[PDB]
Amino acid sequence: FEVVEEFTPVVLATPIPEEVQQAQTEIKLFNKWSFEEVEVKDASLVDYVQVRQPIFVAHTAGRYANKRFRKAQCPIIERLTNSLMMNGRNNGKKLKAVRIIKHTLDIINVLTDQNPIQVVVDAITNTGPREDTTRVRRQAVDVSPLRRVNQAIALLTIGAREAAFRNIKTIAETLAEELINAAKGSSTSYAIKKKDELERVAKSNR
Amino acid sequence: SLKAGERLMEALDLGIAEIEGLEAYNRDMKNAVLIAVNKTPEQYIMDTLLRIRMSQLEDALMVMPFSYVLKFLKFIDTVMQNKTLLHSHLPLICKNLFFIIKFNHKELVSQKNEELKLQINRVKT
Amino acid sequence: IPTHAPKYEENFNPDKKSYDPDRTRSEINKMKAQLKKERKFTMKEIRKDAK
Amino acid sequence: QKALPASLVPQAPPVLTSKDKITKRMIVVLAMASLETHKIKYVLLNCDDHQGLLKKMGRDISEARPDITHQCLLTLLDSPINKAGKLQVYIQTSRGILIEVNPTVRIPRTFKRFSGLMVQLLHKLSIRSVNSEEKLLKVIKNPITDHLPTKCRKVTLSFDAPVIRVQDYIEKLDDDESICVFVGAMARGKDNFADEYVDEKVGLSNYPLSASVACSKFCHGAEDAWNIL
Amino acid sequence: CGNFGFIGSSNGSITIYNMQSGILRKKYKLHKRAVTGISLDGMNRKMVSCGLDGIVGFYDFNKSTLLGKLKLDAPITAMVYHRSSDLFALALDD
Amino acid sequence: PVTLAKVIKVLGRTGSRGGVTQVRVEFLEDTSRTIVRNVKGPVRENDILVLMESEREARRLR
Amino acid sequence: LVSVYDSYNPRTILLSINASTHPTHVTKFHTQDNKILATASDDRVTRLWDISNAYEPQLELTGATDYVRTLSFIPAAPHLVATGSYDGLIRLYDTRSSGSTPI
Amino acid sequence: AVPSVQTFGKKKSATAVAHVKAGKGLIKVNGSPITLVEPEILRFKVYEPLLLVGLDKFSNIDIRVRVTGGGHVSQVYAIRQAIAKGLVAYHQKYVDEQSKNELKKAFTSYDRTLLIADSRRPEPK
RNA sequence: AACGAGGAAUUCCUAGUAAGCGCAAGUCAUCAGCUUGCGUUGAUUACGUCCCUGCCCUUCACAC
């Protein structure tokens with residue numbers, strides 16, 4: 001069985017590169033990473049780590065601050081880019097953040113052959129603290145999934161930012177190391193250590 | 001201070017603690033606050049139910065975990081033997097009892113406790 | 001581990017003015033500041049008198 | 001037949017500062033240090049020198065003794081562990097001003113001179129070397145938690161707490177982590193100064209201990225534990 | 001809906017045109033013999049075809065997929081599709 | 001091991017501390033069993049929480 | 001120090017590894033498996049690094065009584081690794097096993 | 001006369017005017033091929049319509065887009081909105097309406113900004 | 001000599017907002033030791049709670 005919808009080869013008077021046509025075939029992040037195979041390992045984080053809608057570039061110019069929970073629908077990569085720009089000197093520079101994330105995904109694919117988006121989602125799943133404390137002394141409370149996603153993104157970005165503040169390393173490379181380590185589950189990542197400390201102090205006052 | 005629901009949970013723990021104690025005491029044979037107030041455990045819990053304002057009553061009941069709902073049902077069952085209390089506060093018991101059952105009906109039916117089945121049967125009739 | 005000594009001025013006073021190695025440089029700074037303080041006061045009094 | 005390191009020249013250990021958070025360390029927080037300044041020239045308020053003034057201020061003179069804080073600083077910085085570059089000292093003044101002590105510093109021995117430094121530090125917010133190449137004493141921003149190593153065990157010194165062997169406690173503790181001891185330089189009072197930060201509290205001996213001796217006793221155990229010698 | 005027209009060829013191909021502009025949109029190729037009937041349900045979702053080879057194909061017109069195939073014993077001569085009840089009768093050669 | 005519990009109701013008028021919400025959650029493994037817990041972040045119905053300990057019952061936090 | 005750079009991009013430095021205090025004469029990528037790097041040093045140990053984990057070698061092969069300046073990976077046998085030292089011996093190792101002793 | 005349609009796209013002060021006519025797949029922006037639009041990082045943004053509906057639809061038309069005002073990003077969004085609106089308008093006017101519906105469905109499924117202007121009008125609260 | 005992002009305390013802030021960037025105008029009061037407009041890039045975190053701190057209000061059916 002075959003169904004044919006094109007009977008004439010499509011040649012456009014304006015030349016279009018072959019990569020753009022293979023992008024016609026399927027939507028891929030930066031035309032290099034496919035969203036088809038990415039899945040959130042933890043069931044709870046599903047519906048708050050949004051990867052179902054493939055996008056070409058992180059820039060979307062959407063409205064996500066209007067309602068309480070719109071941030072969930074926002075693509076996770078774009079939220080990572082947004083969290084990447086902080087500390088004032090970088091405020092207002094989204095194109096630089098997009099470039100940094102592009103480079104970082106390239107680095108992640110280089111060092112480990114896995115799909116970089118999969119590594120990003122694994123890191124965001126792993127660094128989410130599952131139990132926290134509140135001041136009364138302290139007392140233990142559970143954490144909502146949205147707060148887990150927010151704090152995971154913040155911890156990864158802040159750890160990567162601090163690691164390369166006064167080091168030869170550039171933001172992209174240290175962020176790549178942070179994401180790879182967090183997805184692995186190793187202690188070496190700043191975010192994993194902070195998450196473990198939060199859960200331990202919560203367990204102490206449980 | 002303690003809020004509605006929290007007061008009711010405290011009252012249920014006290015009154016049903018003694019109701020369990022006496023029944024176990026009678027079964028084997030075959031506290032300060034209540035003595036100070038000079039009220040039977042049925043009245044003390046029933047008294048606490050009256051003080052809760054109706055606007056806060058439904059919100060107070062939802063706060064209770066299930067484990068107190070089983071306590072609540074036994075309290076109603078204990079009140080049943082006292083016909084004087086029942087007809088005194090019949091509308092209040094009926095409204096509260098139905099709201100409890102409706103709210104957590106799914107979790108109630110799942111339980112296989114045979115004693116619970118007998119209590120509701122007695123509370124029904 | 002390498003060891004150093006702290007640098008400090010005994011009987012420090014923050015309200016007091018930082019000691020300057022050069023006397024001419026210190027003295028002129030005293031004279032300049034008196035000019036700014038004195039100039040600001042004189043202008044303020046003249047403006048009030050004119051009003 | 002493991003081959004030797006290529007270069008055997010003695011090499012100075014790194015100076016360990018707040019910026020570096022991965023390296024293993026033993027941190028001492030001399031809690032509730034009594035260091036305050038006031039005009040007579042400004043002077044570090046002292047328990048015995050200034051009784052008349054402190055009565056006017058209304059704070060009780062019993063808790064106005066920086067000599068304890070000076071004393072703990074002296075013993076810690078001359079301990080071999082600091083000479084091994086595995087120790088960094090933090091001080092929390094009673095008022096709530098947090099001071100970072102670079103391990104390199106060499107505080108003057110006499111208590112009189114030490115008072116001279118503190119007033120400058122509390123007022124100039126930083127102290128500079130004689131050769132002017134790093135900042136030795138620097139004030140920094142509360143809370144203490146952020147500056148501490150990211151993966152770190154926190155403990156306090158409580159007389160009522162169970163007695164433990166400092167050597168035994170350190171070895172059983174993990175490696176990549178680091179240890180903070182919150183010691184009360186205060187003369188006398190409840191051991192709740194660091195309860196907000198700490199997770200559990202321990203005692204080094206059944207017998208009561210001065211702030212200085214306790215710090216010396218604890219740091220030495222790490223030296224045996226970490227083979228600092 | 002009156003938007004599409006299906007043409008069944010004697011060589012086994014089903015061509016789908018658009019009535020408004022008369023432009024070809026899709027071509028389905030399952031039967032090898034002549035297609036003797038084509039029908040589409042009221043919802044414009046499931047499409048069914050029959051051919052002299054005796055097979056009845058079931059298509060999803062929206063997704064352009066082969067839902068299933070049914071072989072009858074004899075060649076099929078004609079088709080009538082009832083849209084209200086989703087039943088269609090086939091006049092077999094036997 | 002960690003359990004997963006889906007929120008079914010966000011309780012109101014609980015008198016909890018600011019920023020802490022009392023909720024009622026039913027376990028995914030057993031839909032019947034329900035437990036009342038304290039949640040720190042923004043929480044709404046039908047979202048899932050990771051419970052480290054499934055025994056403790058929530059108490060008002062003031 | 002062993003460094004890994006993006007070929008054709010001299011400015012960027014992906015990964016920097018301090019394999020040993022002695023000189024590291026040989027740094028060869030594994031032909032079958034991309035992610036693993038082998039470095040032979042004058043320390044006489046041919047550590048087998050991994051790109052993802054740069055802090056500790058995945059394996060450390062030893063047994064060479066002199067400088068190791070030659071390293072080769074046998075095609076079709078990813079586990080096997082061959083190192084030749086100035087001792088005059090060509091040592092073969094099995095990374096699948098515990099290793100550190102030539103087969 | 002040659003069949004032609006005109007549409008506008010607007011983002012902040014950036015305005016794009018798109019003329020779509022029967023042709024041979026010649027897409028231009030400011031007198032240059034669409035491939036040369038800058039910044040390159042956002043180039044795929046402008047490509048988003050062309051890839052969503054497939055290049056075959058464009059193979060029969062020429063699109064000329066003139067952009068003025070605003071910055072880089074606003075101009076990119078103006079261009080993409082203008083291209084999408086022009087294509088849908090042309091399919092409406094000179095092709096079947098079913099294709100128009102398919103195009104609108106695809107674009108609104110992906111990003112409705114491609115068709116509706118995004119106007120962040122102030123709301124006092 | 002001074003300095004390497006600035007202690008304690010304290011103030012402000014919820015979407016084209018915070019923050020960054022420049023270009024114009026000087027409009028009878030103010031402003032150039034500057035003021036006001038204009039466009040460009042553009043986020044994180046809350047959008048619940050009355051637990052704390054203040055301010056405020058109360059004591060024509062059916063059903064309650």
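Tabulated data
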quantity: Matching residues in the stretch G:7-25 - criterion: being surrounded by 17 or more Cβ atoms within 10 Å (Cβ to Cβ), of a type in the set (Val, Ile, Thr) and more than 13 Å from chain D (Cβ to nearest Cβ); calculated: G:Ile17
quantity: Number of the condition not met by D:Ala214 [criteria: (1) aliphatic (A, V, I, L, M); (2) part of a helix (DSSP H, G or I); (3) within 14 Å of chain C (Cβ to nearest Cβ)]; calculated: (3)
quantity: Boolean, H:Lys93 is exposed (fewer than 15 other Cβ atoms within 10 Å of the Cβ) and more than 9 Å from every other protein chain (Cβ to nearest Cβ); calculated: yes
quantity: Residues of the stretch F:45-62 satisfying the condition of being more than 9 Å from RNA strand I (Cβ to nearest atom), facing chain A (nearest Cβ under 8 Å) and crowded, with 16+ Cβ neighbours inside 10 Å; calculated: F:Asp47, F:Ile48, F:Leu49, F:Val50, F:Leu51, F:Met52
quantity: Answer residue from the stretch F:9-29, given it is closer than 19 Å to F:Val50 by Cβ and in contact with a helix residue (DSSP H, G or I) (Cβ under 9 Å, 6 or more places away or on another chain) and is surrounded by the fewest Cβ atoms within 10 Å (Cβ to Cβ) among those; calculated: F:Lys9
quantity: Residues satisfying the stated conditions in the stretch F:8-44, i.e. assigned to a loop (DSSP other than H, G, I, E, B), within 10 Å of the chain's Cα centre (by Cα) and away from chain A (no Cβ under 13 Å); calculated: F:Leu11
quantity: Residues of the stretch D:72-106 satisfying the condition of being assigned to a helix (DSSP H, G or I), at the interface with chain C (Cβ under 9 Å from one of its Cβ atoms) and farther than 21 Å from D:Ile144 by Cβ; calculated: D:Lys83
quantity: Boolean, F:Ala5 is more than 7 Å from every other protein chain (Cβ to nearest Cβ) and not in a strand (DSSP E or B); calculated: no
quantity: Count - residues of the stretch A:72-117 that are more than 16 Å from RNA strand I (Cβ to nearest atom), more than 14 Å from every other protein chain (Cβ to nearest Cβ) and either among the aromatic types (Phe, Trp, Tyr) or part of a helix (DSSP H, G or I) (or both); calculated: 1
quantity: Entirely in the stretch H:1-120, the helices (runs of 4 or more DSSP H) that have 1 or more residues that are of a type in the set (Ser, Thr, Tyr) and within 16 Å of RNA strand I (Cβ to nearest atom); calculated: H:72-94
quantity: Pick from the stretch B:1-16, criterion buried (at least 16 other Cβ atoms within 10 Å of the Cβ) and charged (D, E, K, R), ranking: farthest from RNA strand I (Cβ to nearest atom); calculated: B:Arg7
quantity: Residue list for the stretch A:124-155, restricted to those being in a strand (DSSP E or B) and more than 9 Å from chain F (Cβ to nearest Cβ); calculated: A:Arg138
quantity: Residue match in the stretch A:162-169 (condition: part of a loop (DSSP other than H, G, I, E, B), closer than 19 Å to A:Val110 by Cα and more than 14 Å from chain F (Cβ to nearest Cβ)); calculated: yes
quantity: Residue list for the stretch D:151-172, filter: surrounded by fewer than 14 Cβ atoms within 10 Å (Cβ to Cβ) and either in contact with a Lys or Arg (Cβ under 6 Å, 6 or more places away or on another chain) or in a strand (DSSP E or B) (or both); calculated: D:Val163
quantity: Subset tally (residues that are outside any strand (DSSP E or B) and within 8 Å of RNA strand I (Cβ to nearest atom)) for the stretch D:107-143; calculated: 9
quantity: Test: residue in the stretch A:134-143 that is buried (at least 22 other Cβ atoms within 10 Å of the Cβ), within 16 Å of the chain's Cα centre (by Cα) and not polar (S, T, N, Q); calculated: no
quantity: Some residue of the stretch D:4-23 being under 18 Å from D:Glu63 (Cβ atoms), surrounded by 10 or more Cβ atoms within 10 Å (Cβ to Cβ) and polar (S, T, N, Q); calculated: no
quantity: Given (1) among the charged types (D, E, K, R); (2) out of contact with any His (no Cβ under 9 Å at 6 or more places or on another chain); (3) away from RNA strand I (no atom under 16 Å from the Cβ), index of the condition A:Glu173 fails; calculated: (2)
quantity: Filtered residue count, the stretch G:26-44, keeping only those that are in a strand (DSSP E or B) and within 14 Å of chain D (Cβ to nearest Cβ); calculated: 1
quantity: Complete set of residues in the stretch C:3-26 that are more than 22 Å from D:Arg113 (Cβ to Cβ) and either within 11 Å of RNA strand I (Cβ to nearest atom) or surrounded by 12 or more Cβ atoms within 10 Å (Cβ to Cβ) (or both); calculated: C:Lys17, C:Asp20, C:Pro21, C:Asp22, C:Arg25, C:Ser26
quantity: Yes/no for A:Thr188 being more than 8 Å from every other protein chain (Cβ to nearest Cβ) and under 22 Å from D:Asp146 (Cα atoms); calculated: no
quantity: Scope the stretch H:23-58; condition farther than 22 Å from H:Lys104 by Cα and more than 9 Å from chain A (Cβ to nearest Cβ); matching residues; calculated: H:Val29, H:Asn30, H:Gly31, H:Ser32, H:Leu36, H:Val37, H:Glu38, H:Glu40
quantity: The stretch E:19-44 residues that are within 11 Å of chain H (Cβ to nearest Cβ) and surrounded by fewer than 19 Cβ atoms within 10 Å (Cβ to Cβ), paired with ones that are of a type in the set (A, V, I, L, M) and outside any strand (DSSP E or B) (beta carbon under 6 Å, 6 or more apart); calculated: E:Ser21/H:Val95
quantity: Contacts under 9 angstrom Cβ, first residue in the stretch D:125-140 being facing chain C (nearest Cβ under 10 Å), partner surrounded by fewer than 17 Cβ atoms within 10 Å (Cβ to Cβ) and among the aliphatic types (A, V, I, L, M), 6 or more apart; calculated: D:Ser129/C:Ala5; D:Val130/C:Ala5; D:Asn131/C:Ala5; D:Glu134/D:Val15; D:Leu136/C:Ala5
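Here's the yes/no breakdown for (1) within 14 Å of chain D (Cβ to nearest Cβ); (2) part of a loop (DSSP other than H, G, I, E, B); (3) of a type outside the set (D, E, K, R):
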{"residue": "C:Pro2", "(1), (2), (3)": "yes, yes, yes"}
{"residue": "C:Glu10", "(1), (2), (3)": "yes, yes, no"}
{"residue": "C:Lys16", "(1), (2), (3)": "yes, yes, no"}
{"residue": "C:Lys30", "(1), (2), (3)": "no, no, no"}
{"residue": "C:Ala33", "(1), (2), (3)": "no, no, yes"}
{"residue": "C:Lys36", "(1), (2), (3)": "no, no, no"}
{"residue": "C:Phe41", "(1), (2), (3)": "no, no, yes"}
{"residue": "C:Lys48", "(1), (2), (3)": "no, no, no"}
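Residues checked against (1) within 16 Å of RNA strand I (Cβ to nearest atom); (2) in contact with a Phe, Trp or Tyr (Cβ under 7 Å, 6 or more places away or on another chain):
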{"residue": "A:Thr8", "(1), (2)": "no, no"}
{"residue": "A:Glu26", "(1), (2)": "no, no"}
{"residue": "A:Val38", "(1), (2)": "no, no"}
{"residue": "A:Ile55", "(1), (2)": "yes, no"}
{"residue": "A:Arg70", "(1), (2)": "yes, yes"}
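Coordinate-derived values only; no laboratory data. Cβ coordinates were reconstructed from backbone atoms using ideal geometry, including for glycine residues, and neighbour counts include every protein chain displayed.
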